[PDB]
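Visitor: chains from the complex, first installment, not repositioned:
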Amino acid sequence: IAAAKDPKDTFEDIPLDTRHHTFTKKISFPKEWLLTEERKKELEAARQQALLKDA
């Protein structure tokens, strides 16, 4: 803390080096697939357009 408060050299020129750490990326379930009252209507449209296209 005393060295950090030293105004001699702030090391602002030096960017923070994070090569020693291995960042991890986590995957999450897509929120667009949640079967909500709004998506049910969306599927009904696609399910019906498919029938028309083939019909």
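Guide: Looks like it arrived, so ask away. Residues are numbered from 1 along each chain as shown, chains lettered A, B, ... in the order given.
Visitor: switch to C-alpha atoms for all contacts and neighbour counts from now on
Guide: OK.
Visitor: check chain A for its longest helix and report it.
Guide: When chain A is parsed with DSSP state H, its longest helix is helix A:37-54.
Visitor: need the contact partners of that one.
Guide: residue A:33 (C-alpha atoms under 8 Å, 6 or more residues apart in numbering).
Visitor: to the chain's geometric centre, what's the distance from that helix?
Guide: 28 Å (C-alpha atoms, centre = their mean, to the nearest Å).
Visitor: got the CA coordinates for that helix in PDB?
Guide: Extracted C-alpha coordinates of helix A:37-54, given in PDB (Å, rounded to 0.1, in the frame of the first residue of the first chain):
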ATOM      1  CA  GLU A  37     -46.900 -17.600 -23.800                       C
ATOM      2  CA  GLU A  38     -45.300 -15.300 -26.400                       C
ATOM      3  CA  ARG A  39     -43.100 -18.000 -28.000                       C
ATOM      4  CA  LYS A  40     -46.000 -20.500 -28.200                       C
ATOM      5  CA  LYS A  41     -47.700 -18.000 -30.600                       C
ATOM      6  CA  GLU A  42     -44.500 -17.700 -32.500                       C
ATOM      7  CA  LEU A  43     -44.300 -21.500 -33.000                       C
ATOM      8  CA  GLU A  44     -47.900 -21.700 -34.000                       C
ATOM      9  CA  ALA A  45     -47.100 -19.300 -36.900                       C
ATOM     10  CA  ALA A  46     -44.100 -21.300 -38.000                       C
ATOM     11  CA  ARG A  47     -46.000 -24.600 -37.600                       C
ATOM     12  CA  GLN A  48     -48.800 -23.200 -39.800                       C
ATOM     13  CA  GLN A  49     -46.600 -21.600 -42.400                       C
ATOM     14  CA  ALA A  50     -44.900 -25.000 -42.900                       C
ATOM     15  CA  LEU A  51     -48.300 -26.600 -43.700                       C
ATOM     16  CA  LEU A  52     -49.200 -23.900 -46.200                       C
ATOM     17  CA  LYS A  53     -45.800 -24.100 -48.000                       C
ATOM     18  CA  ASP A  54     -46.100 -27.800 -48.500                       C
END
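Visitor: then add chain B to what we have above:
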Amino acid sequence: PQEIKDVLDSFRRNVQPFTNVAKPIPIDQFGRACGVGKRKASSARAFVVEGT
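Guide: Adding chain B to the chains above:
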């Protein structure tokens, strides 16, 4: 007669087999069900939902 009823009760086999029923896979409030499969050394978790 009561005599035959008693002697016959001694020949009954009161053995009950063990019951092991699997728990049914539920469906989340968002309509996604999780199934689990395995193979040589792998394990999978599939979330199946109504979609395209």
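Visitor: the contacts of helix A:37-54 with chain B there, same question as before?
Guide: Defining contact as C-alpha atoms under 8 Å, 6 or more residues apart in numbering or on different chains, one finds that helix A:37-54 is touched by A:33, B:51, B:52.
Visitor: closest one of those to residue A:4?
Guide: When those are compared for distance to residue A:4 (C-alpha to C-alpha), residue A:33 wins out at 48.9 Å.
Visitor: next up, the contacts around the closest residue to residue B:38 other than its chain neighbours.
Guide: Residue nearest to residue B:38 in three dimensions, not counting chain neighbours: residue B:44, with 6.1 Å by C-alpha to C-alpha, 6 or more residues apart in numbering or on different chains. Taking C-alpha under 8 Å, 6+ apart, we find residue B:44 in contact with B:35, B:36, B:37, B:38.
Visitor: pretty sure residue B:44 is in a strand, no?
Guide: Yes. Residue B:44: assigned to a strand according to DSSP: H, G, I helix; E, B strand; the rest coil.
Visitor: so what pairs up with it in the strands?
Guide: Beta-bridge pairing for residue B:44 (DSSP bridges): residue B:37.
Visitor: give me every residue in chain B lying close to chain A.
Guide: Contacts of chain B with chain A, taken as C-alpha under 8 Å from any C-alpha of the partner chain, map to B:30, B:31, B:32, B:49, B:50, B:51, B:52.
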